[PDB]
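Read the structure below first, then the notes.
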Amino acid sequence: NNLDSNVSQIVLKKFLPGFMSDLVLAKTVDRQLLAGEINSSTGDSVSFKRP
Amino acid sequence: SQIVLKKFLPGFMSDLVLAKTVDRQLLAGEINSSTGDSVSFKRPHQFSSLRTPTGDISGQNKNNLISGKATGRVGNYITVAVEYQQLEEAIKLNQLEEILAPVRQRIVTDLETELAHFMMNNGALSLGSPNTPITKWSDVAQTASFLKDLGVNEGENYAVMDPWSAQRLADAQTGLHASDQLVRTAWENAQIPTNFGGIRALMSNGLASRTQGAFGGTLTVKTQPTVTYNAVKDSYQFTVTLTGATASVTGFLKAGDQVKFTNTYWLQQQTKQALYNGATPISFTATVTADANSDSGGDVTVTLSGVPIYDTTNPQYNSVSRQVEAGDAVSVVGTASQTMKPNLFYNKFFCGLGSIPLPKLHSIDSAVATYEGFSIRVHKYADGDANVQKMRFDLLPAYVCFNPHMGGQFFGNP
Amino acid sequence: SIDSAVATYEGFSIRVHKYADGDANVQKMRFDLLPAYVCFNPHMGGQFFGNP
Amino acid sequence: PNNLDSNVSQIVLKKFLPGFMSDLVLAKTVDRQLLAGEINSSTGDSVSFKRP
Amino acid sequence: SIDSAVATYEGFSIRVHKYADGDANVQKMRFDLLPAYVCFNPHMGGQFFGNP
Amino acid sequence: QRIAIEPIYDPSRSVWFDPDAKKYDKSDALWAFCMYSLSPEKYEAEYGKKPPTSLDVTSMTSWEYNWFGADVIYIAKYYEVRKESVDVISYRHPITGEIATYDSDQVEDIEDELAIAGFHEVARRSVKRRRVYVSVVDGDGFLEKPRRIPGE
Amino acid sequence: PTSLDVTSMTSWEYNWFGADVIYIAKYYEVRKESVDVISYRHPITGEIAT
């Protein structure tokens with residue numbers, strides 16, 4: 001009869017899994033032509049010539 | 001007609017797949033004598049980012065840290081008890097040995113029936129029209145496609161179908177053109193493979209049945225619900241009131257019905273972009289939990305599982321494109337009052353299951369019987385002084401629903 | 001046929017019984033003792049108070 | 001504002017505070033040998049001693 | 001005058017700063033990463049749909 | 001390593017053999033069981049406190065007997081025999097005898113041989129061999145993963 | 001003061017008279033404990049000695 005004070009409320013130290021997405025574009029876009037060309041000297045933008 | 005053989009004729013038996021498929025790991029040895037009647041597990045955190053062109057911005061409007069919970073509780077007792085007169089019972093009968101065999105099966109059958117009821121009452125996702133049965137390969141591939149499109153990866157999914165549906169799919173498999181082994185297996189044994197369209201597929205004779213519940217009228221939302229994360233961060237349930245119903249009927253919306261919000265769409269949970277089903281966007285759906293009637297004026301209040309969070313002060317927890325507001329149009333899937341046996345599809349981390357140990361009663365003889373990985377406590381005693389003996393079988397389960405958005409019901413579509 | 005034991009305290013023995021009700025599914029315990037007093041001669045004791 | 005009271009748990013330690021107690025003097029001082037093991041509820045409900 | 005760190009994840013570098021307000025007993029952190037995009041020729045890409 | 005001899009208690013209600021084996025020795029048998037009792041406190045001290053205790057069912061006792069102790073858990077050790085393909089290695093160092101066939105269990109790096117008293121010679125012949133594994137199980141799952149015992 | 005254990009054996013169809021007995025028990029433990037072993041290897045009159 002009315003034994004609720006004996007027990008305690010425990011919250012476990014375990015996290016339920018969440019939701020994840022995928023990356024395909026970042027690994028397929030071109031990344032070598034623009035690799036460190038935007039410097040402190042260059043500024044906001046750079047440019048490439050056209051054939 | 002007097003002499004009777006000591007062998008009992010064989011009987012009917014169902015199969016047990018749900019208890020084997022659900023996760024029995026997280027909730028194991030957790031409801032002990034100290035925790036009480038409930039246990040709690042944590043929830044993952046999410047964050048949102050800002051877009052600014054300046055760097056010395058040390059004073060701004062930052063994020064917030066809010067922690068959620070998932071609560072698992074115990075159920076009622078599953079008890080089967082018999083009384084007898086020892087003279088007649090021991091005339092020739094084996095004193096509850098021919099009772100011993102079909103009682104554990106009844107216990108586990110009732111356990112899994114209630115488990116299936118719980119799963120379809122708490123599931124959120126829905127697919128296909130209820131009337132159409134399962135006939136082709138797309139009806140099974142769609143579950144895996146949708147569940148991948150939501151974004152769940154941690155775990156491994158399952159789908160359960162009736163005995164008849166497996167045969168029609170195998171008949172469809174029989175018509176394949178190039179796989180000799182598959183064609184031969186389908187022709188001879190009529191057994192579909194394990195991996196069917198990307199999802200493990202299991203065939204179960206025992207699946208529960210539900211009746212949709214009479215309804216009518218173009219329902220609309222009366223009052224804008226409150227779906228903030230502070231409100232729905234502990235239970236993922238919300239209460240909504242609707243109009244446009246009939247005058248006054250009992251059982252307007254029964255437990256397990258699916259209501260669809262037309263103008264609100266699902267979101268991919270991480271990218272926070274809408275879902276597109278090849279030709280049309282996917283609308284949001286919710287499941288009725290308890291039976292709801294309708295009073296005069298067609299005002300129906302109902303509690304639904306699965307919440308369309310669109311909080312504006314904590315944007316990182318949104319799950320739908322737009323907020324549900326007054327005047328939005330809702331629909332109910334299915335026909336008026338037909339009864340059907342639903343098919344299920346779910347992730348591993350959707351609903352748990354556990355069992356509470358039972359101590360022995362003092363000065364009362366007892367034993368423990370093991371069946372299918374479950375322990376049943378059997379007690380014997382002699383209450384009453386009229387040649388009446390009593391034996392009882394006891395078991396105590398515990399249930400938890402982690403996230404409603406990784407499971408639900410699915411049907412075929414034309 | 002009832003589970004029982006005894007315990008001791010300050011040179012006194014107390015019998016403890018543990019049993020249960022099956023239908024109501026409850027467990028109960030009881031502790032019992034039985035005393036006995038004698039008075040040999042009333043002229044060998046009493047109550048004393050300080051005189052004024 | 002941080003609302004993270006669901007990250008902690010209400011806990012009750014397994015420690016009991018001290019209670020109250022009394023003293024036993026009279027039972028120790030009075031005589032027990034004469035009446036010890038002399039009365040059985042089965043045989044009767046009384047015993048007798050003879051005066052000098 | 002602020003201690004910081006740099007981390008790598010999926011081949012991308014994120015810079016983290018950690019600081020605190022003195023008079024309010026408050027601790028704050030922040031993460032930074034600067035992207036840059038180029039479109040060379042619009043005539044080598046687009047969107048495609050199924051056709052009947 | 002040492003070989004010991006141990007007793008078994010409650011043989012009639014503990015030891016179960018393969019139905020197919022019909023010999024007195026039980027030589028023609030593929031698997032076997034050995035059940036023994038434990039206390040919940042010992043079950044907690046070993047194994048783990050996380051999973052509750054689930055014990056096997058035999059339903060043999062309580063046969064006009066007064067049962068008082070609900071603190072006994074029945075756990076069975078499980079014996080199997082398997083036919084496995086293992087590679088033999090033949091060291092033919094001429095000094096102190098040449099012909100010497102050995103199993104892949106001992107490796108020139110696992111045991112510090114370092115070709116001091118051994119030449120690899122031929123180490124490709126594969127032979128099917130009879131091996132015996134042991135495991136510990138209950139009515140719930142695997143308490144200990146199977147491991148081979150040194151015999152036949 | 002004296003506090004005594006109980007074994008619930010005696011006074012069993014027997015006449016008790018003296019309540020002046022105290023039951024005291026010795027409790028034995030076995031443990032696996034980490035200890036540091038030291039090896040003196042003095043060459044004089046035998047070397048290895050741990």
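Each chain in the structure tokens gets a letter, A, B, ..., in the order shown, and its residues are numbered from 1; ligands are numbered from 1 in order too.
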
Got a sec: who's within 10 Å of range 1-7 of chain E, counting only C-alpha atoms, leaving out chain neighbours fewer than 6 positions off, as a ChimeraX atom specification? /E:13-20,29-32

Go ahead and save the residues from that selection, with C-alpha atoms, as an mmCIF file, in the first residue's frame.
data_model
loop_
_atom_site.group_PDB
_atom_site.id
_atom_site.type_symbol
_atom_site.label_atom_id
_atom_site.label_comp_id
_atom_site.auth_asym_id
_atom_site.auth_seq_id
_atom_site.Cartn_x
_atom_site.Cartn_y
_atom_site.Cartn_z
ATOM 1 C CA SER E 13 37.586 20.713 -42.527
ATOM 2 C CA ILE E 14 35.531 22.333 -39.756
ATOM 3 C CA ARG E 15 37.023 24.899 -37.374
ATOM 4 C CA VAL E 16 35.630 24.944 -33.827
ATOM 5 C CA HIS E 17 35.970 27.834 -31.367
ATOM 6 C CA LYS E 18 35.234 27.589 -27.634
ATOM 7 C CA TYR E 19 34.801 30.613 -25.358
ATOM 8 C CA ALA E 20 32.935 31.703 -22.237
ATOM 9 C CA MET E 29 31.059 27.002 -28.868
ATOM 10 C CA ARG E 30 30.829 27.547 -32.614
ATOM 11 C CA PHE E 31 31.711 25.721 -35.838
ATOM 12 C CA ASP E 32 32.803 27.273 -39.137
#

All residues 8 Å or closer to range 22-35 of chain D, only C-alpha atoms, same chain fewer than 5 positions away omitted, as a CSV table (one decimal) with N, CA, C and O atoms, in the first residue's frame:
chain,number,residue,atom,x,y,z
C,38,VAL,N,3.6,-14.8,36.4
C,38,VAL,CA,3.3,-15.3,37.7
C,38,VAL,C,3.6,-14.2,38.7
C,38,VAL,O,4.6,-13.4,38.5
G,17,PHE,N,16.1,-23.9,29.7
G,17,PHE,CA,16.1,-23.2,31.0
G,17,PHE,C,17.0,-22.0,31.0
G,17,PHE,O,16.6,-21.0,31.7
G,18,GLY,N,18.1,-22.0,30.4
G,18,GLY,CA,19.0,-20.9,30.5
G,18,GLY,C,19.1,-20.1,29.2
G,18,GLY,O,19.6,-20.6,28.2

For range 42-49 of chain F, list every protein, DNA or RNA residue within 7 Å, evaluated using only C-alpha atoms, and leave out those in the same chain fewer than 3 positions away; present the list as a PyMOL selection string. chain F and resi 38-39+143

Only N, CA, C and O atoms, please: the residues just picked out, written as a PDB file, in the first residue's frame.
ATOM      1  N   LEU F  38      22.630 -23.939 -10.866  1.00  0.00           N
ATOM      2  CA  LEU F  38      23.345 -22.759 -10.405  1.00  0.00           C
ATOM      3  C   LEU F  38      22.402 -21.909  -9.567  1.00  0.00           C
ATOM      4  O   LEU F  38      21.186 -22.118  -9.559  1.00  0.00           O
ATOM      5  N   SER F  39      22.980 -20.944  -8.863  1.00  0.00           N
ATOM      6  CA  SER F  39      22.227 -19.975  -8.090  1.00  0.00           C
ATOM      7  C   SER F  39      22.161 -18.644  -8.833  1.00  0.00           C
ATOM      8  O   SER F  39      23.057 -18.326  -9.622  1.00  0.00           O
ATOM      9  N   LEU F 143      25.274 -18.316 -23.897  1.00  0.00           N
ATOM     10  CA  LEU F 143      26.041 -17.678 -22.834  1.00  0.00           C
ATOM     11  C   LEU F 143      27.518 -17.582 -23.194  1.00  0.00           C
ATOM     12  O   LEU F 143      28.175 -16.584 -22.876  1.00  0.00           O
TER      13      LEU F 143
END

How many Å lie between CA of residue 299 in chain B and CA of residue 243 in chain B, rounded to one decimal?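 Taking CA of residue 299 in chain B as the start and CA of residue 243 in chain B as the end point, the length is 5.0 Å.
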
Atom pair CA of residue 358 in chain B + CA of residue 13 in chain D, distance 24.7 Å

Kindly indicate which residue among F:12, F:1, F:53, F:135 lies nearest to residue 79 in chain F, using only C-alpha atoms for the distances. F:135

Which residues of chain A have any atom within 6 Å of an atom in chain B when counting only C-alpha atoms, and what is the closest pair of atoms for each, with the distance in Å to one decimal? Order the rows by chain and rising number and write it as JSON lines.
{"residue": "A:7", "atom": "CA", "partner": "B:34", "partner_atom": "CA", "distance": 5.1}
{"residue": "A:8", "atom": "CA", "partner": "B:35", "partner_atom": "CA", "distance": 5.7}
{"residue": "A:11", "atom": "CA", "partner": "B:40", "partner_atom": "CA", "distance": 4.8}
{"residue": "A:12", "atom": "CA", "partner": "B:41", "partner_atom": "CA", "distance": 5.2}
{"residue": "A:14", "atom": "CA", "partner": "B:42", "partner_atom": "CA", "distance": 5.9}
{"residue": "A:15", "atom": "CA", "partner": "B:42", "partner_atom": "CA", "distance": 5.1}
{"residue": "A:16", "atom": "CA", "partner": "B:43", "partner_atom": "CA", "distance": 5.5}
{"residue": "A:19", "atom": "CA", "partner": "B:152", "partner_atom": "CA", "distance": 4.9}
{"residue": "A:20", "atom": "CA", "partner": "B:151", "partner_atom": "CA", "distance": 5.3}
{"residue": "A:21", "atom": "CA", "partner": "B:151", "partner_atom": "CA", "distance": 5.9}

Interface list for chain E, partner chain A, 10 Å threshold, only C-alpha atoms, as a ChimeraX atom specification: /E:10-11,36-38,40-41

Could you list, as a PyMOL selection string, every residue of chain G that has an atom within 12 Å of an atom of chain D, counting only C-alpha atoms? chain G and resi 1+11-20

Selection above as a file: C-alpha atoms, as a PDB file, in the first residue's frame:
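Resulting contents of out-v7.pdb:
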ATOM      1  CA  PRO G   1      25.573  -4.803  24.144  1.00  0.00           C
ATOM      2  CA  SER G  11      14.158 -25.944  21.741  1.00  0.00           C
ATOM      3  CA  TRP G  12      12.683 -28.608  19.431  1.00  0.00           C
ATOM      4  CA  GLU G  13      10.864 -31.006  21.783  1.00  0.00           C
ATOM      5  CA  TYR G  14      13.262 -30.153  24.598  1.00  0.00           C
ATOM      6  CA  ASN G  15      13.056 -28.149  27.822  1.00  0.00           C
ATOM      7  CA  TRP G  16      15.196 -24.994  27.746  1.00  0.00           C
ATOM      8  CA  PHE G  17      16.074 -23.218  30.991  1.00  0.00           C
ATOM      9  CA  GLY G  18      19.042 -20.870  30.484  1.00  0.00           C
ATOM     10  CA  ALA G  19      18.726 -17.957  28.057  1.00  0.00           C
ATOM     11  CA  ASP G  20      22.392 -17.011  28.648  1.00  0.00           C
TER      12      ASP G  20
END

Mind the document's chain letters and residue numbers, and return as a count of residues only the residues of range 185-299 of chain B that DSSP labels alpha helix (DSSP H). 8

Shell around range 21-37 of chain G at 8 Å using only C-alpha atoms, local window under 5 positions removed, as number ranges by chain: G: 2-6, 50

Generate a file of the selected residues that holds C-alpha atoms, formatted as a compact mmCIF listing (two decimals), in the first residue's frame.
# COMPACT_ATOMS: atom_id res chain seq x y z
CA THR G 2 25.34 -8.41 22.97
CA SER G 3 23.42 -9.38 19.83
CA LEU G 4 23.14 -13.05 18.90
CA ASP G 5 22.36 -15.05 15.77
CA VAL G 6 19.66 -17.70 15.35
CA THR G 50 60.69 -15.50 -5.83

Pull out every residue of chain D sitting within 7 Å of chain B, counting only C-alpha atoms, and send them as a PyMOL selection string. chain D and resi 1-4+6-7

Prev. selection, C-alpha atoms, output as a PDB file, in the first residue's frame:
ATOM      1  CA  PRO D   1      16.387  28.469 -22.851  1.00  0.00           C
ATOM      2  CA  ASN D   2      17.717  24.952 -22.265  1.00  0.00           C
ATOM      3  CA  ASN D   3      15.008  22.446 -21.295  1.00  0.00           C
ATOM      4  CA  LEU D   4      17.036  19.334 -20.470  1.00  0.00           C
ATOM      5  CA  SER D   6      14.701  14.744 -19.292  1.00  0.00           C
ATOM      6  CA  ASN D   7      18.469  14.086 -19.345  1.00  0.00           C
TER       7      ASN D   7
END

Please list as a PyMOL selection string every residue within 12 Å of residue 159 in chain B, counting only C-alpha atoms and excluding residues in the same chain fewer than 4 positions away. chain B and resi 17-18+21-22+139-144+147+166+194-204+342-348+407-411

Take the residues that were just selected and, keeping N, CA and C atoms, output them as a compact mmCIF listing (two decimals), in the first residue's frame.
# COMPACT_ATOMS: atom_id res chain seq x y z
N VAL B 17 6.18 -15.45 -35.23
CA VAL B 17 7.23 -14.76 -35.97
C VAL B 17 7.47 -13.37 -35.39
N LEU B 18 6.43 -12.76 -34.82
CA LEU B 18 6.56 -11.38 -34.36
C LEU B 18 7.51 -11.28 -33.17
N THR B 21 10.98 -11.55 -34.33
CA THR B 21 11.46 -10.47 -35.18
C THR B 21 11.67 -9.15 -34.43
N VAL B 22 10.86 -8.87 -33.41
CA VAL B 22 11.00 -7.61 -32.67
C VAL B 22 12.31 -7.61 -31.90
N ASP B 139 4.16 -4.28 -54.94
CA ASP B 139 3.46 -4.18 -53.67
C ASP B 139 4.36 -4.51 -52.49
N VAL B 140 5.46 -5.22 -52.73
CA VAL B 140 6.40 -5.57 -51.67
C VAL B 140 7.61 -4.65 -51.74
N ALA B 141 8.02 -4.28 -52.96
CA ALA B 141 9.18 -3.40 -53.10
C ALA B 141 8.90 -2.00 -52.56
N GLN B 142 7.63 -1.58 -52.56
CA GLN B 142 7.31 -0.22 -52.15
C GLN B 142 7.62 0.02 -50.68
N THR B 143 7.46 -0.99 -49.83
CA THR B 143 7.76 -0.82 -48.41
C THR B 143 9.23 -0.49 -48.21
N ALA B 144 10.12 -1.27 -48.82
CA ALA B 144 11.55 -1.00 -48.71
C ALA B 144 11.90 0.35 -49.31
N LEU B 147 10.71 3.11 -46.89
CA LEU B 147 11.44 3.12 -45.63
C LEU B 147 12.88 3.57 -45.83
N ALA B 166 1.63 -14.97 -50.06
CA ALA B 166 2.92 -15.58 -50.45
C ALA B 166 2.73 -16.46 -51.69
N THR B 194 14.34 -15.37 -49.26
CA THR B 194 14.39 -14.61 -48.02
C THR B 194 14.32 -13.11 -48.29
N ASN B 195 15.23 -12.60 -49.12
CA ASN B 195 15.28 -11.19 -49.45
C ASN B 195 14.39 -10.95 -50.67
N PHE B 196 13.29 -10.22 -50.47
CA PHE B 196 12.31 -9.96 -51.52
C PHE B 196 12.23 -8.46 -51.74
N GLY B 197 12.92 -7.97 -52.76
CA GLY B 197 12.89 -6.56 -53.08
C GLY B 197 13.71 -5.67 -52.17
N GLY B 198 14.58 -6.26 -51.37
CA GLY B 198 15.41 -5.48 -50.43
C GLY B 198 14.97 -5.59 -48.98
N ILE B 199 13.85 -6.26 -48.71
CA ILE B 199 13.31 -6.37 -47.33
C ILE B 199 13.16 -7.85 -47.00
N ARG B 200 13.53 -8.28 -45.79
CA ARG B 200 13.31 -9.69 -45.41
C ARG B 200 11.81 -9.93 -45.34
N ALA B 201 11.32 -10.98 -45.98
CA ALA B 201 9.86 -11.19 -46.03
C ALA B 201 9.53 -12.48 -45.29
N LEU B 202 8.58 -12.42 -44.37
CA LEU B 202 8.23 -13.60 -43.57
C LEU B 202 6.74 -13.88 -43.78
N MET B 203 6.34 -15.14 -43.84
CA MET B 203 4.91 -15.48 -44.03
C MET B 203 4.34 -15.97 -42.71
N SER B 204 3.28 -15.34 -42.20
CA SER B 204 2.76 -15.74 -40.87
C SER B 204 1.27 -16.05 -40.95
N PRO B 342 -4.59 -6.78 -41.83
CA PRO B 342 -3.51 -5.95 -42.40
C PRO B 342 -2.19 -6.70 -42.47
N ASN B 343 -1.30 -6.18 -43.31
CA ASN B 343 0.06 -6.67 -43.46
C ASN B 343 1.01 -5.62 -42.91
N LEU B 344 2.11 -6.06 -42.30
CA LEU B 344 2.95 -5.14 -41.55
C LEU B 344 4.33 -5.02 -42.18
N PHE B 345 4.94 -3.85 -42.01
CA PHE B 345 6.33 -3.63 -42.41
C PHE B 345 6.95 -2.66 -41.41
N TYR B 346 8.17 -2.97 -40.97
CA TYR B 346 8.73 -2.20 -39.87
C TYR B 346 10.24 -2.40 -39.77
N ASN B 347 10.89 -1.43 -39.14
CA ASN B 347 12.30 -1.50 -38.80
C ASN B 347 12.48 -2.29 -37.51
N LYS B 348 13.74 -2.63 -37.22
CA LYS B 348 14.05 -3.36 -35.99
C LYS B 348 13.73 -2.53 -34.76
N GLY B 407 7.60 2.31 -38.93
CA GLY B 407 6.74 1.15 -39.02
C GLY B 407 5.33 1.56 -39.36
N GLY B 408 4.51 0.56 -39.63
CA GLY B 408 3.12 0.80 -39.94
C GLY B 408 2.54 -0.34 -40.76
N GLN B 409 1.38 -0.07 -41.36
CA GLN B 409 0.64 -1.03 -42.16
C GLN B 409 0.85 -0.74 -43.64
N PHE B 410 0.74 -1.79 -44.45
CA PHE B 410 0.85 -1.62 -45.89
C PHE B 410 -0.09 -2.59 -46.58
N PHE B 411 -0.58 -2.18 -47.74
CA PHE B 411 -1.52 -2.96 -48.53
C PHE B 411 -1.09 -2.88 -49.99

Just list as a PyMOL selection string whatever in chain F DSSP marks as strand (DSSP E or B). chain F and resi 15-17+31-38+73-90+101-103+122+126-137+142-149

Using only C-alpha atoms, determine which residues lie at most 12 Å from range 102-105 of chain F, disregarding the query and same-chain residues fewer than 6 positions distant; provide the list as a PyMOL selection string. chain F and resi 85-92+111+118-129+148+150

Dump as a Markdown table the rows for residues of chain D within 12 Å of chain A: closest atom pair and distance in Å with one decimal, only C-alpha atoms counted, ordered by chain and rising residue number.
| residue | atom | partner | partner_atom | distance |
| --- | --- | --- | --- | --- |
| D:5 | CA | A:11 | CA | 10.6 |
| D:6 | CA | A:11 | CA | 7.8 |
| D:7 | CA | A:11 | CA | 7.2 |
| D:8 | CA | A:11 | CA | 6.4 |
| D:9 | CA | A:10 | CA | 4.9 |
| D:10 | CA | A:9 | CA | 5.3 |
| D:11 | CA | A:8 | CA | 5.1 |
| D:12 | CA | A:8 | CA | 5.7 |
| D:13 | CA | A:8 | CA | 8.9 |
| D:14 | CA | A:6 | CA | 9.1 |
| D:15 | CA | A:6 | CA | 11.0 |
| D:16 | CA | A:6 | CA | 11.1 |

Selected residues, N, CA and C atoms, written as a PDB file, in the first residue's frame, please.
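Below is the file that was written, again_26.pdb:
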ATOM      1  N   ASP D   5      15.681  18.710 -18.549  1.00  0.00           N
ATOM      2  CA  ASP D   5      15.366  17.962 -17.341  1.00  0.00           C
ATOM      3  C   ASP D   5      15.000  16.513 -17.628  1.00  0.00           C
ATOM      4  N   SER D   6      14.897  16.131 -18.899  1.00  0.00           N
ATOM      5  CA  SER D   6      14.701  14.744 -19.292  1.00  0.00           C
ATOM      6  C   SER D   6      16.020  14.004 -19.466  1.00  0.00           C
ATOM      7  N   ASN D   7      17.146  14.687 -19.266  1.00  0.00           N
ATOM      8  CA  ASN D   7      18.469  14.086 -19.345  1.00  0.00           C
ATOM      9  C   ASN D   7      18.929  13.503 -18.017  1.00  0.00           C
ATOM     10  N   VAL D   8      18.182  13.734 -16.938  1.00  0.00           N
ATOM     11  CA  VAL D   8      18.549  13.282 -15.605  1.00  0.00           C
ATOM     12  C   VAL D   8      17.413  12.434 -15.050  1.00  0.00           C
ATOM     13  N   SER D   9      17.676  11.810 -13.906  1.00  0.00           N
ATOM     14  CA  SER D   9      16.739  10.885 -13.293  1.00  0.00           C
ATOM     15  C   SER D   9      16.609  11.179 -11.805  1.00  0.00           C
ATOM     16  N   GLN D  10      15.388  11.037 -11.299  1.00  0.00           N
ATOM     17  CA  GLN D  10      15.125  11.149  -9.869  1.00  0.00           C
ATOM     18  C   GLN D  10      15.516   9.833  -9.210  1.00  0.00           C
ATOM     19  N   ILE D  11      16.450   9.893  -8.266  1.00  0.00           N
ATOM     20  CA  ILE D  11      17.074   8.705  -7.699  1.00  0.00           C
ATOM     21  C   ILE D  11      16.863   8.708  -6.192  1.00  0.00           C
ATOM     22  N   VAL D  12      16.655   7.521  -5.626  1.00  0.00           N
ATOM     23  CA  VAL D  12      16.529   7.329  -4.187  1.00  0.00           C
ATOM     24  C   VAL D  12      17.620   6.361  -3.755  1.00  0.00           C
ATOM     25  N   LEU D  13      18.501   6.817  -2.872  1.00  0.00           N
ATOM     26  CA  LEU D  13      19.624   6.000  -2.445  1.00  0.00           C
ATOM     27  C   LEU D  13      19.156   4.862  -1.545  1.00  0.00           C
ATOM     28  N   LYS D  14      19.997   3.838  -1.441  1.00  0.00           N
ATOM     29  CA  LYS D  14      19.702   2.663  -0.623  1.00  0.00           C
ATOM     30  C   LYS D  14      20.297   2.820   0.776  1.00  0.00           C
ATOM     31  N   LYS D  15      19.900   3.898   1.446  1.00  0.00           N
ATOM     32  CA  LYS D  15      20.367   4.185   2.794  1.00  0.00           C
ATOM     33  C   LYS D  15      19.177   4.513   3.680  1.00  0.00           C
ATOM     34  N   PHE D  16      19.168   3.942   4.881  1.00  0.00           N
ATOM     35  CA  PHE D  16      18.082   4.129   5.832  1.00  0.00           C
ATOM     36  C   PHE D  16      18.542   5.021   6.976  1.00  0.00           C
TER      37      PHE D  16
END
